[PDB]
>>> print(open('upload05.txt').read())   # compact mmCIF, C-alpha atoms
# COMPACT_ATOMS: atom_id res chain seq x y z
CA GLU A 1 -11.30 -1.55 1.59
CA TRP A 2 -8.90 -0.27 4.28
CA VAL A 3 -8.38 3.48 4.48
CA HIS A 4 -5.31 4.74 6.30
CA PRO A 5 -6.01 6.64 9.55
CA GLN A 6 -4.84 9.94 8.13
CA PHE A 7 -7.88 9.88 5.73
CA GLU A 8 -10.42 7.63 7.46
CA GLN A 9 -14.02 8.93 7.71
CA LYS A 10 -16.83 8.08 10.11
CA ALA A 11 -18.89 4.98 9.07
CA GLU B 1 3.19 -10.27 -4.08
CA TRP B 2 2.46 -8.01 -7.06
CA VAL B 3 5.21 -5.60 -8.09
CA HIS B 4 4.22 -2.70 -10.34
CA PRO B 5 5.84 -2.93 -13.83
CA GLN B 6 8.07 0.11 -13.30
CA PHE B 7 9.95 -1.86 -10.61
CA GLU B 8 9.48 -5.56 -11.43
CA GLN B 9 12.68 -7.60 -11.44
CA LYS B 10 13.97 -10.75 -13.14
CA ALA B 11 13.35 -13.88 -10.99
CA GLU C 14 25.48 18.17 -28.60
CA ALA C 15 22.22 17.58 -26.64
CA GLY C 16 23.66 14.25 -25.32
CA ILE C 17 20.26 12.75 -24.51
CA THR C 18 19.48 10.50 -27.48
CA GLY C 19 20.31 6.90 -26.67
CA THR C 20 20.01 4.27 -23.96
CA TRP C 21 19.81 5.02 -20.29
CA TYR C 22 19.76 2.65 -17.32
CA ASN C 23 18.53 3.26 -13.77
CA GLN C 24 19.87 1.68 -10.64
CA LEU C 25 17.18 -1.10 -10.63
CA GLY C 26 18.08 -2.35 -14.13
CA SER C 27 15.36 -0.65 -16.14
CA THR C 28 16.32 0.57 -19.58
CA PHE C 29 14.97 3.41 -21.68
CA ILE C 30 15.86 4.25 -25.24
CA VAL C 31 15.01 7.79 -26.29
CA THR C 32 15.32 10.13 -29.23
CA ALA C 33 15.71 13.82 -28.39
CA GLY C 34 14.20 15.61 -31.38
CA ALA C 35 15.40 18.98 -32.64
CA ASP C 36 12.00 20.47 -31.67
CA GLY C 37 12.19 19.50 -27.93
CA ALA C 38 10.47 16.10 -28.30
CA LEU C 39 11.38 13.03 -26.27
CA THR C 40 10.10 9.79 -27.80
CA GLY C 41 11.02 6.21 -27.05
CA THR C 42 10.48 3.14 -24.96
CA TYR C 43 10.84 2.19 -21.31
CA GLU C 44 11.55 -1.41 -20.41
CA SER C 45 11.44 -2.74 -16.91
CA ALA C 46 14.32 -4.79 -15.56
CA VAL C 47 12.47 -8.01 -16.66
CA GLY C 48 13.56 -7.16 -20.26
CA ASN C 49 10.85 -8.82 -22.46
CA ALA C 50 8.18 -7.48 -24.89
CA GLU C 51 5.45 -7.43 -22.19
CA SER C 52 7.83 -5.26 -20.10
CA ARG C 53 8.14 -2.48 -22.70
CA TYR C 54 6.03 0.70 -22.75
CA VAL C 55 5.85 3.90 -24.78
CA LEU C 56 7.76 6.90 -23.33
CA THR C 57 6.89 10.47 -24.39
CA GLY C 58 8.14 13.82 -23.08
CA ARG C 59 9.86 17.13 -23.64
CA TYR C 60 13.28 18.68 -23.04
CA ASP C 61 14.95 22.07 -23.27
CA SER C 62 16.46 22.01 -26.74
CA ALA C 63 18.52 25.22 -26.08
CA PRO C 64 19.97 24.87 -22.62
CA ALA C 65 22.10 27.46 -20.88
CA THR C 66 25.82 27.44 -21.70
CA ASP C 67 26.98 28.24 -18.11
CA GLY C 68 27.43 24.65 -16.86
CA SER C 69 23.74 24.14 -16.00
CA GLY C 70 22.00 20.90 -16.75
CA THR C 71 19.31 20.37 -19.35
CA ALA C 72 15.77 20.21 -17.96
CA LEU C 73 13.47 17.47 -19.19
CA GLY C 74 10.55 15.25 -18.29
CA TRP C 75 8.64 12.29 -19.64
CA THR C 76 5.62 10.07 -19.02
CA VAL C 77 4.99 6.36 -19.31
CA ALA C 78 1.42 5.06 -19.05
CA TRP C 79 1.65 1.44 -17.91
CA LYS C 80 -0.48 -0.06 -20.65
CA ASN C 81 0.93 -1.96 -23.58
CA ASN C 82 -0.55 -4.63 -25.88
CA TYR C 83 -0.05 -7.29 -23.16
CA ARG C 84 -0.82 -5.69 -19.78
CA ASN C 85 -2.47 -2.69 -18.13
CA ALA C 86 -1.57 -1.49 -14.62
CA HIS C 87 -4.03 1.49 -14.82
CA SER C 88 -1.32 3.94 -13.85
CA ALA C 89 1.18 6.42 -15.26
CA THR C 90 4.59 7.70 -14.08
CA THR C 91 6.14 11.04 -14.75
CA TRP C 92 9.87 11.66 -14.32
CA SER C 93 11.06 15.25 -13.91
CA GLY C 94 14.75 16.07 -13.90
CA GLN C 95 17.81 17.24 -15.72
CA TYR C 96 20.55 15.84 -17.93
CA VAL C 97 24.06 16.48 -16.64
CA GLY C 98 26.75 16.00 -19.30
CA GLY C 99 30.47 15.31 -18.90
CA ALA C 100 32.68 12.26 -18.35
CA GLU C 101 29.91 10.11 -16.82
CA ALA C 102 26.72 11.72 -18.06
CA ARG C 103 23.60 11.29 -15.94
CA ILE C 104 19.90 12.09 -15.90
CA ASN C 105 18.82 12.86 -12.36
CA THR C 106 15.08 12.58 -11.73
CA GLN C 107 12.22 12.54 -9.31
CA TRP C 108 9.10 10.64 -10.24
CA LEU C 109 5.37 10.54 -9.45
CA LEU C 110 3.41 7.36 -10.08
CA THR C 111 -0.33 7.90 -10.11
CA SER C 112 -2.77 4.98 -10.20
CA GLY C 113 -6.39 5.30 -11.24
CA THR C 114 -8.50 5.10 -8.07
CA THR C 115 -12.00 5.66 -6.79
CA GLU C 116 -12.52 8.91 -4.91
CA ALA C 117 -12.45 7.05 -1.59
CA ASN C 118 -9.02 5.52 -2.40
CA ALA C 119 -7.52 8.72 -3.85
CA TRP C 120 -5.40 9.14 -0.71
CA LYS C 121 -3.23 6.29 -2.02
CA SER C 122 -3.23 7.44 -5.64
CA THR C 123 0.25 8.93 -5.96
CA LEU C 124 3.58 7.51 -5.02
CA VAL C 125 6.83 9.49 -5.17
CA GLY C 126 10.43 8.44 -5.66
CA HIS C 127 13.63 9.11 -7.52
CA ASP C 128 15.82 7.58 -10.22
CA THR C 129 19.39 8.24 -11.48
CA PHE C 130 20.05 7.15 -15.02
CA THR C 131 23.44 6.54 -16.64
CA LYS C 132 24.70 5.41 -20.05
CA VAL C 133 26.21 2.21 -18.44
CA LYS C 134 24.22 -0.56 -16.58
CA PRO C 135 24.65 -0.64 -12.77
CA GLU D 14 2.32 36.20 18.68
CA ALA D 15 3.08 33.43 16.19
CA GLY D 16 -0.63 32.76 15.47
CA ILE D 17 -0.07 28.99 15.34
CA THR D 18 -1.14 27.72 18.76
CA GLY D 19 -4.66 26.35 18.64
CA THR D 20 -6.96 24.09 16.66
CA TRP D 21 -6.59 23.54 12.95
CA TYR D 22 -8.89 21.72 10.53
CA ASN D 23 -8.10 20.30 7.10
CA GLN D 24 -10.56 20.07 4.28
CA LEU D 25 -11.52 16.36 4.90
CA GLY D 26 -12.45 16.30 8.60
CA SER D 27 -9.20 15.95 10.53
CA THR D 28 -8.33 18.18 13.48
CA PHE D 29 -5.04 18.98 15.10
CA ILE D 30 -4.42 20.94 18.29
CA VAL D 31 -0.94 22.38 18.67
CA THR D 32 1.14 24.52 20.92
CA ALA D 33 3.85 26.65 19.31
CA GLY D 34 6.57 26.99 21.94
CA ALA D 35 8.75 30.04 22.34
CA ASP D 36 11.77 27.88 21.36
CA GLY D 37 10.41 26.72 17.95
CA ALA D 38 8.67 23.58 19.17
CA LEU D 39 5.40 22.32 17.82
CA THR D 40 3.69 19.83 20.13
CA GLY D 41 0.16 18.47 20.08
CA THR D 42 -2.28 15.89 18.80
CA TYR D 43 -3.68 14.97 15.39
CA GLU D 44 -7.14 13.43 15.23
CA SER D 45 -8.71 11.82 12.18
CA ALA D 46 -12.25 12.52 11.01
CA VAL D 47 -13.44 9.49 13.06
CA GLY D 48 -12.98 11.71 16.17
CA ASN D 49 -12.52 9.00 18.88
CA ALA D 50 -9.61 8.20 21.28
CA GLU D 51 -8.46 5.47 18.85
CA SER D 52 -8.21 8.17 16.21
CA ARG D 53 -5.78 10.56 18.01
CA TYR D 54 -2.02 10.56 17.57
CA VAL D 55 0.96 12.47 18.88
CA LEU D 56 2.17 15.39 16.65
CA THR D 57 5.64 16.82 16.97
CA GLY D 58 7.54 19.37 14.84
CA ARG D 59 9.30 22.71 14.52
CA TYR D 60 8.58 26.20 13.24
CA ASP D 61 10.45 29.41 12.55
CA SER D 62 9.95 31.38 15.79
CA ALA D 63 11.35 34.58 14.22
CA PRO D 64 9.80 34.84 10.72
CA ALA D 65 10.50 37.58 8.23
CA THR D 66 8.52 40.78 8.70
CA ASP D 67 8.07 41.43 4.92
CA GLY D 68 4.68 39.67 4.48
CA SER D 69 6.23 36.18 4.10
CA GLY D 70 4.67 33.15 5.75
CA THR D 71 6.14 31.25 8.68
CA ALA D 72 7.88 28.02 7.73
CA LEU D 73 7.09 24.89 9.71
CA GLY D 74 6.80 21.13 9.62
CA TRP D 75 5.60 18.25 11.74
CA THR D 76 5.40 14.48 11.95
CA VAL D 77 2.76 12.02 13.07
CA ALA D 78 3.66 8.36 13.40
CA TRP D 79 0.44 6.36 13.01
CA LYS D 80 0.77 4.37 16.22
CA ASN D 81 -1.25 5.07 19.37
CA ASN D 82 -2.38 2.80 22.23
CA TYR D 83 -5.21 1.39 20.07
CA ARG D 84 -3.83 0.98 16.54
CA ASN D 85 -0.67 0.86 14.45
CA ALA D 86 -0.58 1.54 10.73
CA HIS D 87 3.26 1.12 10.54
CA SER D 88 3.72 4.48 8.86
CA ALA D 89 4.46 8.11 9.47
CA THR D 90 3.47 11.33 7.74
CA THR D 91 5.41 14.53 7.55
CA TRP D 92 3.77 17.85 6.65
CA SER D 93 5.98 20.63 5.32
CA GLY D 94 4.52 24.10 4.78
CA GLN D 95 3.97 27.62 5.99
CA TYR D 96 1.55 29.53 8.19
CA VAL D 97 -0.08 32.51 6.47
CA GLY D 98 -1.62 34.97 8.94
CA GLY D 99 -4.39 37.54 8.46
CA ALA D 100 -8.20 37.55 8.43
CA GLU D 101 -8.59 33.85 7.51
CA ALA D 102 -5.28 32.34 8.66
CA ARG D 103 -4.15 29.17 6.92
CA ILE D 104 -1.42 26.56 7.08
CA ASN D 105 -0.60 25.39 3.54
CA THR D 106 1.24 22.09 3.37
CA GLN D 107 2.54 19.22 1.34
CA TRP D 108 2.90 15.83 2.93
CA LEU D 109 4.84 12.54 2.59
CA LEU D 110 3.40 9.36 4.07
CA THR D 111 5.99 6.59 4.36
CA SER D 112 4.92 3.06 5.30
CA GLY D 113 7.30 0.46 6.53
CA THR D 114 7.97 -1.98 3.69
CA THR D 115 10.27 -4.81 2.72
CA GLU D 116 13.02 -3.88 0.27
CA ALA D 117 11.03 -5.56 -2.52
CA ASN D 118 7.99 -3.37 -1.74
CA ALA D 119 9.94 -0.12 -1.24
CA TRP D 120 8.65 1.22 -4.53
CA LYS D 121 5.23 1.59 -2.85
CA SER D 122 6.57 3.03 0.39
CA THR D 123 5.95 6.78 0.02
CA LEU D 124 2.74 8.55 -0.88
CA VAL D 125 2.57 12.27 -1.51
CA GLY D 126 -0.26 14.77 -1.16
CA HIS D 127 -1.29 18.13 0.27
CA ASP D 128 -3.43 19.70 2.95
CA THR D 129 -4.74 23.17 3.73
CA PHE D 130 -5.63 23.87 7.36
CA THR D 131 -7.85 26.66 8.73
CA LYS D 132 -8.99 27.74 12.21
CA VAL D 133 -12.67 27.09 11.13
CA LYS D 134 -14.06 23.71 9.92
CA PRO D 135 -14.88 23.09 6.25
>>> encode(input="upload05.txt", output="structure tokens")
Amino acid sequence: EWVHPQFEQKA
Amino acid sequence: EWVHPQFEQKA
Amino acid sequence: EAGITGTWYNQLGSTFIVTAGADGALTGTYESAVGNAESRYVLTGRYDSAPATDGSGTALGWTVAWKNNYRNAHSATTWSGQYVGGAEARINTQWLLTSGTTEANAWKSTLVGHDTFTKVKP
Amino acid sequence: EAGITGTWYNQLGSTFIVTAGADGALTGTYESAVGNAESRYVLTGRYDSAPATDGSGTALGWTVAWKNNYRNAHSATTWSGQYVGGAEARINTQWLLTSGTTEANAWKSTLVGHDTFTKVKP
């Protein structure tokens, strides 16, 4: 599920 | 597209 | 005197019907602009039952959880605002709509907006 | 003297690097926890360049629009808050993230949240 770039974490 | 019940309108 | 009991309409066509109890209780129903039984939800809140007498508004707030006997949107909205009496009485509010999320989706859990309610439909 | 120029970290892995100009400008970059070129965005805002001297924090705000040369999330966040100096300096903020929406989807346009930034990683 897409996470907005403000909150995105490394895979 | 799904509109949350707070905001849903008559068609 | 309190002016709050009754039917209020926002600018989108939603309708709420509330009783302002002598003890500070708000109880009633909120109905989306669709207007049917599946569109109606329980409303519960509180208000200042002894407001200032200096022309200030009456502070209040309420919550609707978006589950009824027909549907469940796994979410709840709170409206915070004040009642402003006079010739065209209004309840001016800001709202927070929180949806149940996983921890990873919590960033998108809470929306914010505003509503103005009047005693007459827009 | 302002204490604001430099590198700030929030509690979830993002990093911003800002310069606080003599004129009240904030200019810099905001980088998500991913930490790559794709993850860096322009930051622009303002701060009070002559704060009170009574122990009060320094008011500020900034915006990031979530477009760079690699990606576009069709949205922008504003952070509103204050810098609090001393032994472990902090910037305490609340944010609003607005996404571009159709009028029908405007109800879901604006998320709200908060961030605390420090000069040392969590």
>>> closest_atom_pairs(input="upload05.txt", of="chain A", to="chain D", cutoff="7 Å", atoms="only C-alpha atoms", output="CSV")
residue,atom,partner,partner_atom,distance
A:5,CA,D:45,CA,6.4
A:6,CA,D:45,CA,5.9
A:7,CA,D:45,CA,6.8
A:8,CA,D:46,CA,6.3
A:9,CA,D:46,CA,5.2
A:10,CA,D:47,CA,4.7
>>> residues_near_point(input="upload05.txt", point="(-4.2, 22.7, 5.1)", cutoff="7 Å", atoms="all atoms listed in the file", output="PDB file with C-alpha atoms, in the frame of the given file")
ATOM      1  CA  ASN D  23      -8.100  20.300   7.100  1.00  0.00           C
ATOM      2  CA  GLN D  24     -10.560  20.070   4.280  1.00  0.00           C
ATOM      3  CA  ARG D 103      -4.150  29.170   6.920  1.00  0.00           C
ATOM      4  CA  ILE D 104      -1.420  26.560   7.080  1.00  0.00           C
ATOM      5  CA  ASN D 105      -0.600  25.390   3.540  1.00  0.00           C
ATOM      6  CA  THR D 106       1.240  22.090   3.370  1.00  0.00           C
ATOM      7  CA  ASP D 128      -3.430  19.700   2.950  1.00  0.00           C
ATOM      8  CA  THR D 129      -4.740  23.170   3.730  1.00  0.00           C
ATOM      9  CA  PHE D 130      -5.630  23.870   7.360  1.00  0.00           C
ATOM     10  CA  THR D 131      -7.850  26.660   8.730  1.00  0.00           C
TER      11      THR D 131
END
>>> atom_distance(input="upload05.txt", atom1="atom CA of residue 107 of chain C", atom2="atom CA of residue 91 of chain C")
8.3 Å
>>> residues_near_point(input="upload05.txt", point="(0.0, 11.7, -12.9)", cutoff="12 Å", atoms="only C-alpha atoms", output="list in words")
residues 75, 76, 77, 78, 79, 87, 88, 89, 90, 91, 92, 93, 108, 109, 110, 111, 112, 113, 114, 122, 123, 124 and 125 of chain C; 125 of chain D
>>> calpha_fit_and_write(input="upload05.txt", fixed="chain B", moving="chain A", output="mmCIF file with C-alpha atoms, in the coordinates of the input")
data_model
loop_
_atom_site.group_PDB
_atom_site.id
_atom_site.type_symbol
_atom_site.label_atom_id
_atom_site.label_comp_id
_atom_site.auth_asym_id
_atom_site.auth_seq_id
_atom_site.Cartn_x
_atom_site.Cartn_y
_atom_site.Cartn_z
ATOM 1 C CA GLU A 1 3.256 -10.203 -3.921
ATOM 2 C CA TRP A 2 2.650 -8.218 -7.135
ATOM 3 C CA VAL A 3 5.252 -5.625 -8.073
ATOM 4 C CA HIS A 4 4.251 -2.936 -10.542
ATOM 5 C CA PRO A 5 6.032 -3.091 -13.928
ATOM 6 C CA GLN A 6 7.947 0.107 -13.314
ATOM 7 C CA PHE A 7 9.893 -1.707 -10.498
ATOM 8 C CA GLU A 8 9.638 -5.402 -11.387
ATOM 9 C CA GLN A 9 12.881 -7.447 -11.300
ATOM 10 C CA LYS A 10 13.860 -10.668 -13.046
ATOM 11 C CA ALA A 11 12.760 -13.861 -11.166
#
>>> atom_distance(input="upload05.txt", atom1="atom CA of residue 34 of chain D", atom2="atom CA of residue 69 of chain D")
20.1 Å
>>> residues_around(input="upload05.txt", residues="residue 17 of chain D", least_positions_apart="5", cutoff="9 Å", atoms="only C-alpha atoms", output="list in words")
residues 31, 32, 33, 39, 96, 98 and 104 of chain D
>>> atom_distance(input="upload05.txt", atom1="atom CA of residue 18 of chain C", atom2="atom CA of residue 60 of chain C")
11.2 Å
>>> decode(input="upload05.txt", residues="segment 26-58 of chain D", atoms="N, CA, C and O atoms", output="compact mmCIF listing (two decimals), in the first residue's frame")
# COMPACT_ATOMS: atom_id res chain seq x y z
N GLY D 26 12.57 9.37 10.93
CA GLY D 26 13.63 9.15 9.96
C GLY D 26 13.86 10.21 8.90
O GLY D 26 14.80 10.05 8.08
N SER D 27 13.05 11.27 8.88
CA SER D 27 13.27 12.33 7.91
C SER D 27 14.29 13.32 8.42
O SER D 27 14.55 13.44 9.62
N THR D 28 14.90 14.03 7.46
CA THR D 28 15.99 14.96 7.73
C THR D 28 15.75 16.20 6.93
O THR D 28 15.51 16.11 5.73
N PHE D 29 15.88 17.36 7.54
CA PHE D 29 15.88 18.58 6.74
C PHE D 29 17.14 19.39 7.08
O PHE D 29 17.62 19.34 8.22
N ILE D 30 17.64 20.10 6.10
CA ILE D 30 18.80 20.96 6.26
C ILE D 30 18.37 22.34 5.81
O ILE D 30 17.91 22.52 4.67
N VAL D 31 18.46 23.30 6.73
CA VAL D 31 17.95 24.64 6.47
C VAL D 31 18.97 25.70 6.77
O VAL D 31 19.81 25.55 7.67
N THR D 32 18.85 26.79 6.05
CA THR D 32 19.51 28.04 6.40
C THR D 32 18.45 29.07 6.81
O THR D 32 17.49 29.32 6.08
N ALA D 33 18.68 29.69 7.96
CA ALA D 33 17.88 30.76 8.49
C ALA D 33 18.54 32.08 8.13
O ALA D 33 19.59 32.42 8.67
N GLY D 34 18.00 32.79 7.15
CA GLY D 34 18.60 34.02 6.67
C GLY D 34 18.39 35.15 7.62
O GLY D 34 17.40 35.14 8.37
N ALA D 35 19.23 36.17 7.52
CA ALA D 35 19.14 37.34 8.37
C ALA D 35 17.81 38.07 8.23
O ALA D 35 17.37 38.70 9.18
N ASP D 36 17.21 37.96 7.04
CA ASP D 36 15.94 38.60 6.68
C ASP D 36 14.65 37.87 7.12
O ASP D 36 13.57 38.37 6.87
N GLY D 37 14.74 36.72 7.77
CA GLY D 37 13.58 35.89 8.07
C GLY D 37 13.34 34.73 7.15
O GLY D 37 12.37 34.01 7.35
N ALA D 38 14.20 34.51 6.15
CA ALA D 38 13.98 33.41 5.24
C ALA D 38 14.40 32.08 5.84
O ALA D 38 15.44 31.98 6.52
N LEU D 39 13.64 31.04 5.54
CA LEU D 39 14.09 29.68 5.70
C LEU D 39 14.19 29.07 4.32
O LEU D 39 13.23 29.15 3.50
N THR D 40 15.34 28.48 4.00
CA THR D 40 15.57 27.84 2.72
C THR D 40 16.33 26.56 2.91
O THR D 40 17.30 26.52 3.70
N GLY D 41 15.96 25.51 2.22
CA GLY D 41 16.72 24.25 2.37
C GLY D 41 16.10 23.10 1.64
O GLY D 41 15.43 23.27 0.57
N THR D 42 16.32 21.92 2.19
CA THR D 42 15.87 20.67 1.60
C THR D 42 15.29 19.79 2.68
O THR D 42 15.77 19.78 3.82
N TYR D 43 14.28 19.01 2.32
CA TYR D 43 13.65 18.03 3.18
C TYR D 43 13.83 16.68 2.53
O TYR D 43 13.48 16.54 1.37
N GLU D 44 14.33 15.70 3.28
CA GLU D 44 14.60 14.38 2.75
C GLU D 44 13.87 13.36 3.58
O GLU D 44 13.97 13.36 4.80
N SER D 45 13.14 12.46 2.90
CA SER D 45 12.42 11.40 3.62
C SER D 45 13.38 10.39 4.19
O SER D 45 14.58 10.40 3.90
N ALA D 46 12.84 9.46 4.98
CA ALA D 46 13.66 8.38 5.55
C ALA D 46 14.32 7.51 4.50
O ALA D 46 15.32 6.87 4.82
N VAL D 47 13.82 7.46 3.27
CA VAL D 47 14.44 6.66 2.20
C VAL D 47 15.88 7.16 1.95
O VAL D 47 16.77 6.35 1.68
N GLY D 48 16.13 8.47 2.03
CA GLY D 48 17.50 9.00 1.98
C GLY D 48 18.21 9.10 0.64
O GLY D 48 19.43 9.31 0.61
N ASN D 49 17.50 8.92 -0.47
CA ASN D 49 18.09 9.01 -1.82
C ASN D 49 17.79 10.39 -2.48
O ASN D 49 17.06 11.21 -1.91
N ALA D 50 18.30 10.61 -3.69
CA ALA D 50 18.04 11.84 -4.45
C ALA D 50 16.55 12.03 -4.73
O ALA D 50 16.02 13.13 -4.59
N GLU D 51 15.89 10.95 -5.14
CA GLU D 51 14.45 10.84 -5.35
C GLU D 51 13.66 11.26 -4.15
O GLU D 51 12.47 11.59 -4.28
N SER D 52 14.29 11.20 -2.97
CA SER D 52 13.55 11.45 -1.72
C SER D 52 13.74 12.85 -1.15
O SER D 52 13.27 13.13 -0.06
N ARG D 53 14.36 13.76 -1.89
CA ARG D 53 14.71 15.10 -1.40
C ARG D 53 13.89 16.14 -2.13
O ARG D 53 13.73 16.08 -3.35
N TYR D 54 13.39 17.10 -1.36
CA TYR D 54 12.48 18.13 -1.88
C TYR D 54 12.87 19.50 -1.37
O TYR D 54 13.43 19.66 -0.26
N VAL D 55 12.54 20.53 -2.14
CA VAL D 55 12.79 21.89 -1.75
C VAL D 55 11.91 22.27 -0.55
O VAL D 55 10.69 21.97 -0.53
N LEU D 56 12.48 22.96 0.42
CA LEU D 56 11.81 23.51 1.62
C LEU D 56 11.97 25.02 1.61
O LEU D 56 13.08 25.54 1.45
N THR D 57 10.85 25.73 1.82
CA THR D 57 10.91 27.17 1.87
C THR D 57 9.95 27.68 2.94
O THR D 57 8.79 27.22 3.01
N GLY D 58 10.38 28.65 3.73
CA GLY D 58 9.50 29.24 4.75
C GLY D 58 10.04 30.53 5.32
O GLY D 58 10.87 31.20 4.70
